[PDB]
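S.K.: Chain order of the listed sequences is B, C and A. Mapped onto the authors' numbering, the consecutive letters of the first sequence carry residue numbers 1 to 281. Mapped onto the authors' numbering, the consecutive letters of the second sequence carry residue numbers 1 to 281. Mapped onto the authors' numbering, the consecutive letters of the third sequence carry residue numbers 1 to 281. Ideal Cβ placement from N, Cα and C applies to all residues, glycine included.
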Amino acid sequence: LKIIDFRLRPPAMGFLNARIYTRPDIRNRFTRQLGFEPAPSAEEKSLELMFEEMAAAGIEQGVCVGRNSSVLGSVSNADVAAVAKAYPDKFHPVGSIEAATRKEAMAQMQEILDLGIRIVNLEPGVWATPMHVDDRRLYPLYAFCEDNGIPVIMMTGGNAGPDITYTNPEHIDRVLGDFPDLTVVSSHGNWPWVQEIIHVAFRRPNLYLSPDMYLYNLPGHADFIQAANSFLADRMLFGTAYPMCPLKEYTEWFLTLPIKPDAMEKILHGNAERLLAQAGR
Amino acid sequence: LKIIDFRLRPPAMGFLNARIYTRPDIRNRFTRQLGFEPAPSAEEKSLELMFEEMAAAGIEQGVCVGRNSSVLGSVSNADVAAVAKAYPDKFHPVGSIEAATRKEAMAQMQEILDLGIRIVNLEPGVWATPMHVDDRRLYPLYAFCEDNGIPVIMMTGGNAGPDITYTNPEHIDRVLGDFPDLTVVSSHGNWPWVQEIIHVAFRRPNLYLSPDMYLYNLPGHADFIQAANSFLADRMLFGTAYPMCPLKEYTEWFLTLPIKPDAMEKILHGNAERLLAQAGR
Amino acid sequence: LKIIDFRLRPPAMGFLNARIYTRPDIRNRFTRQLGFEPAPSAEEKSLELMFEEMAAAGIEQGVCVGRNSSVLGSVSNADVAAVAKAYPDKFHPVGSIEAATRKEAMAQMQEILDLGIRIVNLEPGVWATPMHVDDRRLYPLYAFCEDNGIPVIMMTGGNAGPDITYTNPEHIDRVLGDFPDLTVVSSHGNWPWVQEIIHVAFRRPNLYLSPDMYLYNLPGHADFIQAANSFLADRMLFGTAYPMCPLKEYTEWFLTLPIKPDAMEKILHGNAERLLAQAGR
Numbered sequence: 001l002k003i004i005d006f007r008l009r010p011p012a013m014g015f016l017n018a019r020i021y022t023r024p025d026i027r028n029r030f031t032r033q034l035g036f037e038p039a040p041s042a043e044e045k046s047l048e049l050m051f052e053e054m055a056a057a058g059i060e061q062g063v064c065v066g067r068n069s070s071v072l073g074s075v076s077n078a079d080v081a082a083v084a085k086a087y088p089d090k091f092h093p094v095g096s097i098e099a100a101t102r103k104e105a106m107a108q109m110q111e112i113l114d115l116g117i118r119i120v121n122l123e124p125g126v127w128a129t130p131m132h133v134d135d136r137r138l139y140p141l142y143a144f145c146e147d148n149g150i151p152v153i154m155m156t157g158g159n160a161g162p163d164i165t166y167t168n169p170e171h172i173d174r175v176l177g178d179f180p181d182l183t184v185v186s187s188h189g190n191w192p193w194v195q196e197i198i199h200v201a202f203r204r205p206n207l208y209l210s211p212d213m214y215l216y217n218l219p220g221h222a223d224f225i226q227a228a229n230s231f232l233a234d235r236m237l238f239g240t241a242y243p244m245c246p247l248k249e250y251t252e253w254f255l256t257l258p259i260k261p262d263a264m265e266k267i268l269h270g271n272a273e274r275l276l277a278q279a280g281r
Numbered sequence: 001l002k003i004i005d006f007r008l009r010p011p012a013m014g015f016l017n018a019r020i021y022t023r024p025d026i027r028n029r030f031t032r033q034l035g036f037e038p039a040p041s042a043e044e045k046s047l048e049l050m051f052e053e054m055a056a057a058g059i060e061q062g063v064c065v066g067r068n069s070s071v072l073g074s075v076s077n078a079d080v081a082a083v084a085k086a087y088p089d090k091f092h093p094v095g096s097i098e099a100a101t102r103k104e105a106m107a108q109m110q111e112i113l114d115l116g117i118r119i120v121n122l123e124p125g126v127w128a129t130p131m132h133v134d135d136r137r138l139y140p141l142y143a144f145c146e147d148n149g150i151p152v153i154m155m156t157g158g159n160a161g162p163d164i165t166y167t168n169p170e171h172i173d174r175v176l177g178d179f180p181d182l183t184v185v186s187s188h189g190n191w192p193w194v195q196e197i198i199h200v201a202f203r204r205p206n207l208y209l210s211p212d213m214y215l216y217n218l219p220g221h222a223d224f225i226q227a228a229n230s231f232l233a234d235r236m237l238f239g240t241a242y243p244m245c246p247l248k249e250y251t252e253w254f255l256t257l258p259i260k261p262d263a264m265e266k267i268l269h270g271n272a273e274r275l276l277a278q279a280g281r
Numbered sequence: 001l002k003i004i005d006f007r008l009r010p011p012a013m014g015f016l017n018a019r020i021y022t023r024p025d026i027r028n029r030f031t032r033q034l035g036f037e038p039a040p041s042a043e044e045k046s047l048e049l050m051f052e053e054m055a056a057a058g059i060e061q062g063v064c065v066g067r068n069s070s071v072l073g074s075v076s077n078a079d080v081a082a083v084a085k086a087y088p089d090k091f092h093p094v095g096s097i098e099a100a101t102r103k104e105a106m107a108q109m110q111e112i113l114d115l116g117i118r119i120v121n122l123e124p125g126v127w128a129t130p131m132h133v134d135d136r137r138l139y140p141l142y143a144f145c146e147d148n149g150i151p152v153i154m155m156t157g158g159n160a161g162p163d164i165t166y167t168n169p170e171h172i173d174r175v176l177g178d179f180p181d182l183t184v185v186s187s188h189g190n191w192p193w194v195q196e197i198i199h200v201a202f203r204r205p206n207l208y209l210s211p212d213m214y215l216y217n218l219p220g221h222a223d224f225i226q227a228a229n230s231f232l233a234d235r236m237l238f239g240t241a242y243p244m245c246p247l248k249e250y251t252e253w254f255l256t257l258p259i260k261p262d263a264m265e266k267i268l269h270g271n272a273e274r275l276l277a278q279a280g281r
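Below is the structure:
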């Protein structure tokens, strides 16, 4: 069974400078509140061990999302691209845009493209100056992405901003209605507003959902499964959010879920492959 | 079992002019995404066939809900009155309004009254000028309907407006708070905000819920059924939203639902008969 | 096995003046609508009968939340204090604040503490001038409470204000994020926004939930129980909202809920004991 993890941050090179690795104290309370044990690979910061766990889980590849902050938290687009160039058979790079002016944003897009990266990630709720995903300032970016067939990963669930308004489902819904041909992946699946986001995905045929860590024993779990077994078969994406969840435990739990066999295949790898193939252009 | 369907738009007269019938390609996509096959009578645009399916489903009467929408189609109130008077044993007419100003709204309300029609439907999120149901401009209309004991159907679930803010339960809650003696039916049951609408109904004793098609295999199903088995027994309405759902298949599915038998009877006919009594004044 | 009821308004003293006892007919709609019969001690307003029902239910103590409303009636802080000192093995007093001005609040907080009360309750949605719990004007109050280790109870669930925006989880989520070491108990558990408030409790470690009456056969019931059995075992508080619910029927139902024993004892008494220890300093 082929598995592609849509949120997987390796303990490798520039990623060891991220908060998920420099502050394991914070990451571990989160992993533990979810009901899991910290992966040994993440505890030890061992890429070697991570590869072993990937293998034992059945995960062939990963989608590596950074943070292009330029601050201490950062893992630059250059560094995500170095990781992918070092294990090209294992990690797909995603470029993140983190920008004050629209000129900076397009200078960063220029660099992302030149690095051979083709999927962009936006997390505007965690920027130095936070904004909502439907902020007027982000609209030139979406127009560019839509006109160029570029898929956009946007953080609209979990701790997507300084407070819960940053996951309110009105913000992504505005964006999808105003860019009806733009491919959007909501990372964390817009959790916890699951009732609402199922309706959004129902209405907005371009929206993919990746609940990741938040599918595990939390509100909305039933709703996601129910939708995966109907209209959302082709628009849901397996993901662990590793290192937040351990690879082996999470994947082997996901594999027992009451999802119909052809939808399982799409959620595990087919939907991702389709996304990646669209990006490649 | 007597059964009154609270949302039916038969393939007759003006109703054939609405996008529900003029774009069956769009409608049938929605019907199949929900998990149904299109009604043959709707495919054929045939009243004969519609009556036969109604009889085969065990549905005695239908509430013919007007629509006036500059995008979605317009069916005149004169036609809604004419369909009902041609089949007075089968059909209860509901008039609709599309207005940009309060006087435009009151003139249309008066036309509707003059035609013999005693209930009004409002779908302001799909008007020429889209508005929230708690728009200031609707308030003098609500005061009139409250003062005269006129029940009001309002669309505040599903695709009620350009984006998901037009289903946010804050809008219908304000109305009920400002017009505490007004009978309101929420068409589509304010879906997807299903945890919240049950609270609105708990608090506001004159709110009725008719989730219709959005009951089927979607989030909130369990919440609706639980309330139906409790305080909402008196205030939920069976409706199919035909031609979005086939009469026969929807009704048979509905009749297998775990809803206590005394509640099932009120929901299938008792609750609507009390509403139609009230509109009888 | 010891039960501490986190919300119990006994039929004595000043409490006899609240709208929960002066309007039995409103109360009783909420009670029967939930599915209970009114407690015989509430009907008669007999304290001695309440003590009988309390012991029959197994409840050892109750937290007496005073109301300082012009919308829901009044029991002054002196009265709450008098109930507790007349029944010191049975009642824990909670002080409430209703004020326009910062200086008015600070003087009420001074009297609360002079009366020997160590917990404060805030229900600003029901003041003569309703405000949200994150209104700028409450921030000085929260700052004092956080610096002084005083636990704050705030009503952010149920009929918390004029309309459902007064329970939107964005409001308590701001207060918890701006006062990360303030102990907050959400009375009514911010129902109906149960998917949302679970994420909020997940994210904000100082939040305690007390859904009380709203845990009964209503949406979010399973979201609450699921979190009680995991990360919220230490942060959930049993309570009946007596006289809104009968003590014996509610407690018997509650005791049979699928909650593991170590989590069950915390929710029944251990968490409330910890809060009371905190308030005792």
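#1: Less than 8 Å between the CB atoms is what I'm expecting for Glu-43 of chain B and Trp-193 of chain C, so what's the real figure, rounded?
#2: Give the interface partners of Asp-163 of chain A over in chain B, defined as CB-CB distance under 7 Å, in chain order.
#3: Taking the beta carbon of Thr-129 of chain B as the centre, do at least 16 other beta carbons fall within 10 Å, making it buried, or is it exposed?
#4: Does DSSP classify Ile-97 of chain C as helix, strand or coil?
#5: Listing by chain order, which chain A residues have their CB less than 8 Å from the CB of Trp-193 of chain B?
#6: Report buried or exposed for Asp-147 of chain C, applying the criterion of at least 16 other Cβ atoms within 10 angstroms of its Cβ.
#7: Is there a Cβ from chain C that is less than 7 Å from the Cβ of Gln-108 of chain A?
#8: Would you identify the three-state DSSP class for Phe-91 of chain C, choosing helix, strand or coil?
#9: Comparing C-alpha positions only, which one of B:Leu-34, B:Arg-19, B:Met-236 sits nearest to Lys-45 of chain B?
#10: Could you give the DSSP three-state label for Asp-212 of chain C: helix, strand or coil?
#11: Whole-angstrom Cβ separation of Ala-57 of chain A and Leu-247 of chain A, contact assumed at under 8 Å?
#12: Taking C-beta pairs closer than 8 Å, name the residues in chain C that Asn-159 of chain A reaches, listed in chain order.
#13: Using DSSP bridges, identify the partner residues of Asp-5 of chain C.
#14: Within this structure, are the beta carbons of residue 289 of chain B and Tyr-208 of chain B separated by less than 7 Å?
#15: For the stretch 180-259 of chain B, list the alpha helix (DSSP H) runs that are entirely contained and at least 4 residues long, ordered along the chain.
#16: Hey, out of A:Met-236, A:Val-83, A:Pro-219, whose CA is closest to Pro-205 of chain A's CA?
#17: Based on the DSSP output, what are the partners of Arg-281 of chain C in its beta bridges?
#18: Interface residues of chain A around residue 294 of chain C at Cβ under 7 Å?
#19: What residues of chain A sit near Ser-230 of chain C, judged by a beta carbon separation below 7 Å?
#20: In angstroms, rounded to a whole number, what distance separates the CA positions of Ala-222 of chain C and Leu-218 of chain A?
#21: Since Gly-177 of chain A meets chain B, which of its residues come closer than 8 Å, beta carbon to beta carbon?
#22: Given a threshold of 16 other Cβ atoms within 10 Å of its Cβ, counted over all protein chains shown, does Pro-180 of chain A qualify as buried or as exposed?
#23: Of all the beta strand (DSSP E) runs that stay within the bounds of the stretch 85-160 of chain C, which reach a length of 3 or more residues?
#24: Taking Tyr-21 of chain C as part of the alpha helix (DSSP H), name the residues at either end of that continuous run.
#25: Could you check how far apart the C-beta atoms of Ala-228 of chain A and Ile-198 of chain A are, in whole angstroms? I think they sit under 8 Å.
#26: Per the contact definition of three or more C-beta pairs closer than 8 Å, is the stretch 270-277 of chain A in contact with the stretch 68-88 of chain A?
#27: If you reduce the DSSP assignment to three classes, tell me which class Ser-41 of chain B lands in.
#28: Across which residues does DSSP place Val-75 of chain B in a beta bridge pair?
#29: Leaving out the 5 sequence neighbours to the left and right, which residues in its chain are closer than 6 Å to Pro-162 of chain A when beta-carbon positions are compared?
#30: Nearest to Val-200 of chain A by alpha carbon, out of B:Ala-160, B:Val-94, B:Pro-243?
#31: Under 7 Å between the Cβ atoms of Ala-233 of chain A and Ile-4 of chain A?
#32: Chain B partners of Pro-169 of chain A, CB-CB under 8 Å?
#33: Are three or more beta carbon pairs between the stretch 102-110 of chain C and the stretch 46-56 of chain C nearer than 8 Å?
#34: Identify the contact partners of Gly-189 of chain A in chain C, using a Cβ-Cβ distance below 7 Å as the criterion.
#35: Between which two residues does the alpha helix (DSSP H) harbouring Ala-12 of chain C extend?
#36: Kindly indicate which three-state DSSP category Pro-162 of chain C falls into: helix, strand or coil?
M.R.: The short version:
#1: Sequence index remark: in the first sequence, residue 43 of chain B carries index 43 (1-based). Sequence index remark: in the second sequence, residue 193 of chain C carries index 193 (1-based). No, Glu-43 of chain B and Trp-193 of chain C are not in contact; Cβ-Cβ is about 41 Å, not under 8 Å.
#2: In the third sequence, counting from the first residue as 1, residue 163 of chain A sits at position 163. Correct list: empty, because the minimum Cβ distance to chain B is about 17 Å.
#3: For the purposes of this step, residue 129 of chain B is taken as residue 129 along the first sequence, with counting starting at 1. Under this definition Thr-129 of chain B is an exposed residue.
#4: To locate residue 97 of chain C, count along the second sequence from 1; it is residue 97. Strand.
#5: As a working mapping, residue 193 of chain B is identified with position 193 in the first sequence. Ordered by position in chain A, the residues that pass the 8 Å Cβ test against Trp-193 of chain B are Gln-195, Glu-196.
#6: Within the second sequence, the letter at position 147 stands for residue 147 of chain C. With fewer than 16 other Cβ atoms within 10 Å, it is exposed.
#7: For the purposes of this step, residue 108 of chain A is taken as the residue at position 108 of the third sequence. Chain C, which has no Cβ nearer than 7 Å to the Cβ of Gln-108 of chain A, makes this no.
#8: Counting from one through the second sequence, the residue named residue 91 of chain C turns up at place 91. In the structure shown, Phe-91 of chain C sits in a strand (DSSP, three-state: E or B).
#9: Reading the first sequence from its first residue, position 45 is the one you call residue 45 of chain B. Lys-45 of chain B has its Cα closest to that of B:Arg-19, out of B:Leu-34, B:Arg-19, B:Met-236.
#10: For this step, residue 212 of chain C is matched to residue 212 along the second sequence. Looking at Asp-212 of chain C - three-state DSSP - the assignment turns out to be helix.
#11: To locate residue 57 of chain A, count along the third sequence from 1; it is residue 57. To locate residue 247 of chain A, count along the third sequence from 1; it is residue 247. Between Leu-247 of chain A and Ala-57 of chain A the Cβ distance is about 4 Å, and since that is below 8 Å, they are a contact.
#12: Sequence index remark: in the third sequence, residue 159 of chain A carries index 159 (1-based). Within 8 Å Cβ-Cβ: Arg-203.
#13: Here residue 5 of chain C is taken as the residue at index 5 of the second sequence, counted from 1. According to DSSP, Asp-5 of chain C bridges with C:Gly-62.
#14: Residue 289 of chain B lies beyond the stretch modelled for chain B, which goes from 1 to 281, so this question has no answer here.
#15: 194-203, 221-228, 247-254
#16: In the third sequence, counting from the first residue as 1, residue 205 of chain A sits at position 205. With distances taken between Cα atoms, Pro-205 of chain A lies closest to A:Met-236.
#17: Taking the first residue of the second sequence as 1, we reach residue 281 of chain C at position 281. The partner list for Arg-281 of chain C (beta bridge, DSSP) is empty, contrary to what the question assumes.
#18: The displayed coordinates of chain C run from 1 to 281. Any statement about residue 294 of chain C would go beyond what the structure contains.
#19: As a working note, residue 230 of chain C is residue 230 in the second sequence. Going along chain A in sequence order, the residues near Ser-230 of chain C (Cβ under 7 Å) are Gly-35, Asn-217.
#20: Numbered from 1 along the second sequence, position 222 holds the residue referred to as residue 222 of chain C. Numbered from 1 along the third sequence, position 218 holds the residue referred to as residue 218 of chain A. Distance between the alpha carbons of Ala-222 of chain C and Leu-218 of chain A: 10 Å.
#21: Position 177 of the third sequence holds residue 177 of chain A. Ordered by position in chain B, the residues that pass the 8 Å Cβ test against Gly-177 of chain A are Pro-162, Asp-163.
#22: Here residue 180 of chain A is taken as the residue at index 180 of the third sequence, counted from 1. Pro-180 of chain A is exposed by the Cβ-count criterion.
#23: 91-97, 120-122, 152-155
#24: Residue 21 of chain C sits at position 21 when you count from the first residue of the second sequence. It spans 19-22 - the alpha helix (DSSP H) in which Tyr-21 of chain C sits, taken as one unbroken run.
#25: What you label residue 228 of chain A is simply residue 228 of the third sequence in a count that begins at 1. What you label residue 198 of chain A is simply residue 198 of the third sequence in a count that begins at 1. Their Cβ separation, rounded to whole angstroms, is 11 Å, which puts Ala-228 of chain A and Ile-198 of chain A out of contact at 8 Å.
#26: no
#27: Counted from its first residue, the first sequence places residue 41 of chain B at position 41. Three-state DSSP puts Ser-41 of chain B in a helix.
#28: Here residue 75 of chain B corresponds to residue number 75 of the first sequence, with the count starting at 1. DSSP output for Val-75 of chain B lists B:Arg-67 as bridge partner(s).
#29: Here residue 162 of chain A is taken as the residue at index 162 of the third sequence, counted from 1. Contacts found: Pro-130.
#30: Residue 200 of chain A sits at position 200 when you count from the first residue of the third sequence. The option with the nearest alpha carbon to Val-200 of chain A is B:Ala-160.
#31: By one-based count along the third sequence, residue 233 of chain A stands at place 233. By one-based count along the third sequence, residue 4 of chain A stands at place 4. No; because the gap between Cβ atoms is not below 7 Å, this pair is not in contact.
#32: On the third sequence, position 169 is the one that residue 169 of chain A refers to. Residues of chain B passing the Cβ test: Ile-164.
#33: no
#34: The sequence position of residue 189 of chain A within the third sequence is 189, counting from 1. Result: empty, since nearest Cβ-Cβ is about 12 Å, beyond 7 Å.
#35: Position 12 of the second sequence, counting from 1, holds the residue named residue 12 of chain C. Here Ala-12 of chain C belongs to no alpha helix (DSSP H), and DSSP marks it neither H nor E.
#36: By one-based count along the second sequence, residue 162 of chain C stands at place 162. Coil at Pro-162 of chain C, not helix or strand.
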